[PDB]
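Heads up, the chain below is alone and in the form solved without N1-carboxypiperazine; it's given as structure tokens.
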């Protein structure tokens, strides 16, 4: 994953391999290349500075200038730096008997596809999901989820035009109660940009529906710019976790590496394809190892 970054990080580190002990000027050259690699991957400035800082300082603390295999030392410290940036320990929502989740984000971020992906994911984990197309102004948006629900074999409750959050709540609670659905996935409305009035409806919907999780869906391809809306959603609504989509089309990885710093929210899942099966729980340690070709 993150082809360009993986290639560059590995190339930079390899310069310290197969040539005996290295000089600090040798180390500095590799450190500068790593820094350039991060900047080119669209990684947050502070994250990049911190990254290289600890790689250097940790390597030096591990007597890298005296090691007979210095590239292995740097690889290890680069792995720890990567792991930190990605989130440390993997995290996933803790499900209970009743689970109502909100999928929020701008249009095109991958909300509808992710809703279905999550339905299919938990469907095979002992859960009975219910998809809810909550756009009370755009019928076309609701239809999109309707078709997807069919493909994944998961029921889709469509809200009616202008339906009040109270009517939506009672209708969802009824369907879920009568059909034994323990995982409700609400696909909320979204525009190409943050809409104040729309954000007001969203907050009101949260108040009435009382979601257990509020997943902010982010298109990794938009770079670190994708994280700009995070603050707005958390203040007005309250984001509990993130979903990074289109990671299969992201060669940089800037959004994934910067999410932690900028948003302070954990990444629960990663979208790795346009297909309903293209969903994977976010694993910081696994991803760090992959990027470094481990």
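If you superpose the two forms and keep the largest set of C-alpha atoms that fall within 1.5 Å, you have the rigid core. Numbering follows the first chain given and starts at 1.
We do not show the form solved in complex with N1-carboxypiperazine, though everything after this point is about it.
- The candidate stretches are 151-159, 168-176, 75-83, 91-99, and the one lying within 4.5 Å of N1-carboxypiperazine in the deposited bound form by heavy atoms is 91-99.
- Using a 4.5 Å cutoff between non-hydrogen atoms, residue 14 does not count as a contact of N1-carboxypiperazine in the deposited bound form.
- Taking the partner from elsewhere, residue 270 is found to have a heavy atom lying within 4.5 Å of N1-carboxypiperazine in the deposited bound form.
- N1-carboxypiperazine in the deposited bound form comes within 4.5 Å of no heavy atom belonging to residue 21.
- Proximity of residue 247 to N1-carboxypiperazine in the deposited bound form: non-hydrogen atoms within 4.5 Å are present.
- Residues 270, 272, 280, 281, 282, 283, 286, 287 are the members of 265-288 with a non-hydrogen atom no more than 4.5 angstroms from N1-carboxypiperazine in the deposited bound form.
- Here the rigid core is superposed between the shown form and the other one, and of 267, 34, 239, 247 the C-alpha of 34 is the only one to shift by 2 Å or more.
- Relative to the superposed core, residue 93 undergoes a C-alpha shift smaller than 2 Å between the shown form and the other one.
- Core-superposed comparison between the shown form and the other one: CA of residue 208 displaced by less than 2 Å.
- Core-superposed comparison between the shown form and the other one: CA of residue 52 displaced by 2 Å or more.
- In comparison with the shown form, the Cα-Cα distance of residue 258 and residue 202 decreases by at least 3 angstroms in the deposited bound form.
- In summary, the C-alpha positions of residue 248 and residue 11 diverge in the deposited bound form, ending up at least 3 angstroms farther from each other than in this conformation.
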